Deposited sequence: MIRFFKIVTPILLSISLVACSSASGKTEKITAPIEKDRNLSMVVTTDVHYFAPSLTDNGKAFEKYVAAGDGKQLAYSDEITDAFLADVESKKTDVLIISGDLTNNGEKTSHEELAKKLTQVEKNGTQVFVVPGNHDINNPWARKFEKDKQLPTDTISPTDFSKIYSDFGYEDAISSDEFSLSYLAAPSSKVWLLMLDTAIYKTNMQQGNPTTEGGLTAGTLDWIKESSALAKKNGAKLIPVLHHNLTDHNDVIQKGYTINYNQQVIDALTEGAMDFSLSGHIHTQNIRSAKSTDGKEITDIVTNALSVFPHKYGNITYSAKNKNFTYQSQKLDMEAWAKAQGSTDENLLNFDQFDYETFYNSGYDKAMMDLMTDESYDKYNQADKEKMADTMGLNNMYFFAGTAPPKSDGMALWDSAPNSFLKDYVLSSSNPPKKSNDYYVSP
């Protein structure tokens, strides 16, 4: 614990969706899987994760936070390998804190790939999670919630972390699928209040971290936490000005109001596994007692070159990733345009313009920045009603407020 009332350097990431290389042979089965993984660089999760941690190390980061979805599909092996990397990070002096996401625990979808077959592989239980990641928040927690993997951590004397587990997994094996939506019981909400009171007694500011979102981040369920108003009210009552969440994967900042009018800013950092692969820098000013959040794009090309890599996709990662993610949204739209009988009145060239607009607006929405003008926009505006159309339109306008920078008030 950092007792000195000095500036604190922090980094937050989320949705690493780590997949242990030992769980795949990069065969047919794996290729199809990654193809349907809508944009996530699953094939390079090991390199992306290492590149990221190398950055944390060079920054000599005080605190590293990971807001859920540590693994692809809760594979025990992926969890163990990721834990090994975090153990090394801690040897450098950096304190690491993690919480689970919807894909991390009791995951019936845990699979390993061999040729044209997906085979079963072990997942983990809730207590397995607190055991595997005991060094990263759990063992030294100041307080731990009774029925969730939530806990209160004190990495320094002036700044504490309210690490929340908003994941729902206790009925996963019975469902056959990992629950996507998130939520907090009244008991965990009561614990949050007690925790907030303890931080206040100790003169510490508190940063609430959760996988699911505190409020909506797109005008177009299961991503914003269930019954979010109760959570917002609980956090604002604790005097917390901002929260760090993930799950939706898009670099996106939005504010919400408590029932009594207090504001809290929900900062969603880009999924580490998806374009543009940004992570968040958070700096605490001891003198001003405020927090400054600034996103940073992971430089894979620089890491690749320093590794002496011969993989062209990594040496040219910017282009590779740009194309990979653009095509994911392009194909997404084109499939619909080529299936719905309400679009056959559009000629091929137009469907292409529309697919292009989706690929552009979509990728820039994930980057959290303004999308460039595209000929497909006019076509979408007059196109038939649909969720897709709503999304394309809702992401056609420039962000009215930065999704990359925030300073607490």
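- Residues 1 to 32, 253 to 254 of the deposited sequence have no C-alpha coordinates in the structure.
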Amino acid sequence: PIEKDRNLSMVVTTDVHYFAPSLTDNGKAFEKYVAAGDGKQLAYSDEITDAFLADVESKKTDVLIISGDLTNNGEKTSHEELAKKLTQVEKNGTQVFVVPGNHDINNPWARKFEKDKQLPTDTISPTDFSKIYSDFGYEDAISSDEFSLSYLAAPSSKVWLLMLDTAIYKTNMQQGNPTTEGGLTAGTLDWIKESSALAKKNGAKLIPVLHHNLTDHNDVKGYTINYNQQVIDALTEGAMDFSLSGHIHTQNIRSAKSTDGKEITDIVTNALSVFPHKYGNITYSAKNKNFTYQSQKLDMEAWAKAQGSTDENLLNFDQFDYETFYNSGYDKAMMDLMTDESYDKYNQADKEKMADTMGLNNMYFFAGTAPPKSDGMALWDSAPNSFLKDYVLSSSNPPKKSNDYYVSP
From here on, numbers count along this sequence of modelled residues.
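- As recorded in the PDB entry, 144 to 152 is the stretch of 144 to 152 and 157 to 165 with the greater mean C-alpha temperature factor.
- As the entry records it, the average C-alpha temperature factor is higher for 25 to 33, out of 25 to 33 and 50 to 58.
- Between the residues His212, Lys170, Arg254, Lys332, the entry's highest C-alpha temperature factor is the one at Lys332.
- Ranked within its chain, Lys84 lands in the middle third, by CA B factor from the PDB record.
- The deposited CA B-factor of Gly182 belongs to the lowest third of values across its chain.
- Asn290: CA B factor lies in the middle third for its chain, per the PDB record.
- Among the modelled residues of the chain, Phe317 sits in the middle third by CA temperature factor in this PDB entry.
- Among the modelled residues of the chain, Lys117 sits in the highest third by CA temperature factor in this PDB entry.
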